[PDB]
Amino acid sequence: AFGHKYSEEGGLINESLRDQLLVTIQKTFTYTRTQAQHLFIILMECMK
Amino acid sequence: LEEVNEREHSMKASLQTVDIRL
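These protein sequence lines are chains B and A, in that order. In PDB author numbering, each number is its position in the first sequence, counted from 1, plus 339. In PDB author numbering, each number is its position in the second sequence, counted from 1, plus 1210.
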């Protein structure tokens, strides 16, 4: 949802929602930094 | 009330990011 509204043209997602995604993906999901790099590549590949 | 809800959602996300900044 958040990567879909704050999307601009698709995969171009800025750096405030990467780490806002992190504290919710660290809070709701409890994830790291580098596994988070893989899940953000999957999030922009899905968002692509 | 709908304005208050959307704005409070934005404020809560900013507060969680502020906690991340600490």
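Note that the Cβ used here is the ideal one computed from N, Cα and C, for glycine as well.
Think of a sphere of 8 Å around the beta carbon of residue 369/B: no beta carbon from chain A falls inside it, the nearest being about 14 Å out.
Against chain A, the beta carbon of residue 363/B has neighbours under 9 Å at 1223 and 1226, listed in chain order. Neighbourhood of residue 376/B in chain A, by CB distance below 9 Å: empty, with the nearest CB roughly 17 Å away. For residue 353/B, the three-state secondary structure derived from DSSP is coil.
For residue 371/B, the three-state secondary structure derived from DSSP is coil.
Within the model, the alpha-carbon separation for residue 1215/A versus residue 1224/A is close to 14 Å.
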